[PDB]
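Notes for the one structure printed next.
There are 2 protein chains.
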Amino acid sequence: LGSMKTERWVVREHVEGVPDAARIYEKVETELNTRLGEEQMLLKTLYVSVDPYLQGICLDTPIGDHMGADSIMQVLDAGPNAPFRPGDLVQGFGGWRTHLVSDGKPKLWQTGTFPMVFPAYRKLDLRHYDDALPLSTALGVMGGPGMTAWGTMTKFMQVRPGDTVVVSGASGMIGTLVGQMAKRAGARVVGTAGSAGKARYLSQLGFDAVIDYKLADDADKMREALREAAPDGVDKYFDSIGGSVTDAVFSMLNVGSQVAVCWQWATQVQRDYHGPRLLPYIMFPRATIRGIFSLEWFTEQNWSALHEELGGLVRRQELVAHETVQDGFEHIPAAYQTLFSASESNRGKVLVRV
Amino acid sequence: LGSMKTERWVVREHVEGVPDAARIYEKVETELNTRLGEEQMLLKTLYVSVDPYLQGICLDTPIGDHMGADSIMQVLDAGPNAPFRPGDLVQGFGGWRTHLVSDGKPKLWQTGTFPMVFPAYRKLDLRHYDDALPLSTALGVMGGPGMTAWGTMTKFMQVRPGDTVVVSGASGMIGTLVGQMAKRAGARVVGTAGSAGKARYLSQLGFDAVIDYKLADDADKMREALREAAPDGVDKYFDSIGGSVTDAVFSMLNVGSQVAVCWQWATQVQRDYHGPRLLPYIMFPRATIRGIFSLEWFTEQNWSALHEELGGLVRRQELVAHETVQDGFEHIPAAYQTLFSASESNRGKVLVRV
Ligand SMILES: NC(=O)c1ccc[n+]([C@@H]2O[C@H](COP(=O)([O-])OP(=O)(O)OC[C@H]3O[C@@H](n4cnc5c(N)ncnc54)[C@H](OP(=O)(O)O)[C@@H]3O)[C@@H](O)[C@H]2O)c1
Ligand SMILES: NC(=O)c1ccc[n+]([C@@H]2O[C@H](COP(=O)([O-])OP(=O)(O)OC[C@H]3O[C@@H](n4cnc5c(N)ncnc54)[C@H](OP(=O)(O)O)[C@@H]3O)[C@@H](O)[C@H]2O)c1
Ligand SMILES: CC[C@@H]1C[C@@H]2C[C@@H]3/C=C/C=C/C(=O)NCCC[C@@H]4NC(=O)/C(=C(O)/C=C/C=C/[C@H](O)[C@H]3[C@@H]2[C@H]1C)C4=O
Ligand SMILES: CC[C@@H]1C[C@@H]2C[C@@H]3/C=C/C=C/C(=O)NCCC[C@@H]4NC(=O)/C(=C(O)/C=C/C=C/[C@H](O)[C@H]3[C@@H]2[C@H]1C)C4=O
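Going down the list, the protein sequences come from chains A and B. Counting with my numbering, you get residues 70 to 423 for the letters of the first sequence. Counting with my numbering, you get residues 70 to 423 for the letters of the second sequence.
Put into structure tokens, the structure is as follows:
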């Protein structure tokens, strides 16, 4: 029936550590056969996400394959038994491609460090989106990142009035959502952030203290900074960084504390693989530590619940969900790069509109 | 008024690592004032416990003070408002002393690494003990050790049929109790032990595989031993060791796994303070790690449920709770020493009948 030219960002070289996106990725033109299988759809990409967790997915991606990524897509054509119809908008792991063919079923990540399964594509309904909660939020506060923060705060962490809550890597959408949900529950909220500008942004979002993690680059300096910012100890810790900040938080865990492990930037990106053993510090505190893998919460009931509980708060700007949307498919690797190298100007969820 | 002759084992010297009991402790004669305040009791020690965790309490004990320890005591005399009457039996942290005066109230551990509070003395009721479950079990399966294992397995761990459960430090009372409860719950049970004979003992109690930790003396060999013994991964881990055994387990945690941290022998005793960071391994598995401090479970309701539930299993002989009762106050340090240097003959809980 035909073909169409497309563009893809493919993985040209594996580079450990902080990504050098200009070296890692190559933009290629790809002729795509558009004859559809019975359950297959042709999809046009509208938005893609860039996220730190892509750094390790990339390293597990075979050379020459396209870079996976969360995306918003529009069904251009569909086989008779396709899960979605032409004109439908869907969210799913479509990757850094202008167009793609897929049946939208769950897909095992065959080369992954962990055998994760990417979920089935999710149908979006325009009627839930307005200028206050735009369609792009299906990749942020109404998408994965929102589900990560909200699932953690309603399914694991039980913040109580007077808790002290610490958020490492708090400048992004997930950490600021966590921080604001904790403040609404009556907590004192401490975060870490990378510049004076971000620190004042977090403060004006409700954070009681913000530590400059670049200045406090040791566990000693971090302990010092945490003892000032959290004088009564730490009841909850939402951890995206690991490394020396986490070592310091574990020196001051209160009885009954909870730790959610959302990411470990210090290990995955900075290759800080060794350090003080932490389990010796959780016995007397009876601390509970839980790894987060928010894919487990991708259910219809949870999305409806997220839209209900979070959608209202957001559109009134009570709970603040910002985004930084770059324009242009050719700029996806550069937007990704800012996460690691030039984040000072970024606010909320960084996306690219294609 | 009056006084009496008493003997105490006091702390003569602080040495880290594996204790030299003959060197660390000295038996002294102490004149004890037998004049009682309104609520105080004069108590005679009937049995005392020796435990690995006394190694760290000792190092926090001022030179010259008696060595704390869990004990069973009988009231010889009592003030008018004492909680217990002459002849009553109590369990509490009376220490390595033939006699002592106390009001039996909760007492802060002033010099403790952690602000632990020793609980109020617990009245023992002879109706609970018989030849199958003797009075001495108030220091073992019907005491702190039993409460630690029963509490962890009923209030935190949710073993399911077909689970694989790993227990490090499996040859002690707590480990063997956890292992047999896991087996009752339908699990495949893997333990670590120190000799072929102790491995066969664990196999007699229901363990499905036992790893020799003296041979698998690093994470690599332990990883390989574990892979052979737990080919389908690890669902639950009851950890009293830490160190490279725990490093190995964390490389093979299944989705939804649970880890209970009961002690960290490799760090506390062997001074293994640094190692691979473990939190990077718990995110995809969505593992839950919980520190155990079983003092929080010392309530009247829990002691009654423990006697009903665990006491019944022991009496019905569905569950085996061994004790090694050494005779003689003068031999307390030697009994303690067998925990570290000669445990081959130690079955289960080691204690001293005075
Ligand atoms: N486990 C899961 O299921 C799951 C799900 C979704 C996302 N995640 C992860 O969760 C994390 C947060 O998500 P997000 O979208 O809100 O990302 P994010 O935190 O905005 O990610 C980038 C930011 O990390 C900060 N950063 C870099 N190095 C740091 C350090 N050493 N200490 C503290 N902050 C540092 C920088 O903020 P400054 O500008 O303040 O320096 C940078 O802008 C990411 O790692 C993501 O991969 C996990
Ligand atoms: N967190 C809490 O609330 C709590 C409460 C009570 C007790 N505890 C601690 O829990 C632990 C278990 O108590 P228990 O009474 O059953 O003690 P235990 O396990 O009998 O303690 C000594 C035993 O540890 C074993 N061991 C020594 N080094 C080892 C290693 N590297 N790997 C494996 N096993 C090793 C030896 O077994 P082999 O003879 O087989 O070598 C020895 O017989 C103790 O450390 C105790 O202090 C914690
Ligand atoms: C359409 C749904 C869409 C699919 C994307 C895929 C992500 C997964 C990333 C996995 C990365 C990975 O496997 N690297 C190798 C191991 C390194 C590291 N170790 C981890 O355990 C870990 C993590 O848990 C990250 C978890 C992040 C989870 C997000 O929720 C989803 C994200 C959601 C929103 C790591 O990054
Ligand atoms: C009358 C009741 C009677 C009182 C005794 C005292 C124990 C307490 C021990 C505390 C030890 C301690 O402070 N060392 C210094 C820190 C090193 C290490 N770090 C820990 O976190 C830890 C631990 O948590 C041990 C936990 C042990 C829990 C027992 O159930 C009770 C035990 C019960 C049965 C350690 O040993």
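Idealized CB from N, CA, C, for every residue including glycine.
Problem - Buried or exposed (CB count within 10 angstroms, at least 16 for buried), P155 of chain A - result: exposed
Exercise for the section: Would you mind stating whether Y190 of chain B and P131 of chain B have Cβ atoms separated by less than 9 Å? Expected result: no
Practice task
Quick one: residues in its chain with C-beta nearer than 6 Å to the C-beta of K113 of chain A, no 5 flanking neighbours on either side, listed in chain order?
Solution key: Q143, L145 and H168
Handout entry: Contact under 9 Å by Cβ, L105 of chain A with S72 of chain A
Key = no
Problem - Where the segment 328-344 of chain B meets chain A: residues whose CB sits under 9 Å from a CB there - result: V328, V330, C331, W332, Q333, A335, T336, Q337, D341, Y342, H343 and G344
Problem - Buried/exposed call for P184 of chain B, threshold 16 Cβ in 10 Å - result: exposed
Handout entry: Cβ-Cβ separation, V394 of chain B to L115 of chain B (assumed contact under 8 Å), whole Å
Key = About 11 Å; that fails the 8 Å criterion.
Problem - Residue range of the unbroken alpha helix (DSSP H) whose run includes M110 of chain A - result: Premise fails: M110 of chain A lies in the beta strand (DSSP E), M110 to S118, not in any alpha helix (DSSP H).
Practice task
Please state whether DSSP places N371 of chain A in a helix, a strand or coil.
Solution key: helix
Problem - Host beta strand (DSSP E) of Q395 of chain B (start-end) - result: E392 to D396
Practice task
Going by CA-CA distance only, name the one from B:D120, B:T221, B:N150 and B:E98 that's closest to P402 of chain B.
Solution key: B:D120
Exercise for the section: Closer than 8 Å by beta-carbon distance: list the chain A residues that pair up with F183 of chain B, in chain order. Expected result: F353
Exercise for the section: Please specify which runs of the beta strand (DSSP E), each continuous and at least 3 residues long, are wholly inside the segment 170-199 of chain B, giving them in chain order. Expected result: 191-193
Handout entry: For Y306 of chain B, three-class secondary structure by DSSP
Key = strand
Problem - Closer than 9 Å to chain B by CB, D277 of chain A - result: no
Exercise for the section: Whole angstroms is fine: what's the gap from residue 442 of chain A's alpha carbon to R355 of chain A's? Expected result: The question about residue 442 of chain A has no answer, for chain A in this structure spans 70 to 423.
Exercise for the section: Starting from the Cα of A265 of chain A, find the closest Cα among A:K283, A:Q386, A:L177 and A:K290 and give me that residue. Expected result: A:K283
Problem - Other residues of its chain near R269 of chain A: CB distance less than 7 Å, five sequence neighbours each side excluded - result: none
Exercise for the section: Following the continuous beta strand (DSSP E) through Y270 of chain B, name the residue where it begins and the one where it ends. Expected result: Segment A265 to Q273 is the alpha helix (DSSP H) holding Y270 of chain B; no beta strand (DSSP E) there.
Handout entry: Bridge partners - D146 of chain B, DSSP secondary structure assignment
Key = B:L111
Problem - Nearest residue (CA-CA) to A285 of chain B, options B:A317, B:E98 and B:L158 - result: B:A317
Exercise for the section: Answer with yes or no whether the minimum CB distance from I280 of chain A to chain B is below 9 Å. Expected result: no
Exercise for the section: Check whether the Cβ of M242 of chain B lies closer than 8 Å to any heavy atom of ligand 4, and answer yes or no. Expected result: no
Handout entry: Own chain, CB closer than 6 Å to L128 of chain B, minus 5 neighbours either side, in chain order
Key = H83
Handout entry: Three-state class that DSSP yields for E85 of chain B in the structure shown
Key = coil
Practice task
Give the secondary structure of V324 of chain A by DSSP, where H, G and I count as helix, E and B as strand, and everything else as coil.
Solution key: strand
Problem - CB contact below 9 Å: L348 of chain A versus chain B - result: yes
Handout entry: Proximity of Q109 of chain A and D172 of chain A at Cβ, strictly below 9 Å
Key = yes
Exercise for the section: May I ask you to verify whether the segment 200-215 of chain A touches the segment 405-421 of chain A, counting CB pairs closer than 8 Å and requiring at least 3? Expected result: yes
Exercise for the section: Look up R166 of chain A in the DSSP assignment and say whether it is helix, strand or coil. Expected result: strand
Handout entry: Of the listed residues B:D139, B:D157 and B:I141, nearest to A147 of chain B (C-alpha basis)
Key = B:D157
Handout entry: Amino acids of chain B, ordered along the chain, whose beta-carbon sits closer than 9 Å to that of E85 of chain A
Key = What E85 of chain A touches in chain B: nothing, since even the nearest Cβ is about 15 Å away.
Exercise for the section: Consider the Cβ of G248 of chain A: report whether some Cβ of chain B lies at a distance smaller than 9 Å. Expected result: no
Handout entry: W78 of chain B (DSSP reduced to helix, strand or coil)
Key = strand
Exercise for the section: Figure out for me which residue from A:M321, A:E413 and A:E369 has the closest Cα to the Cα of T182 of chain B. Expected result: A:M321
Problem - CB contact check: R359 of chain A to chain B, cutoff 9 Å - result: yes
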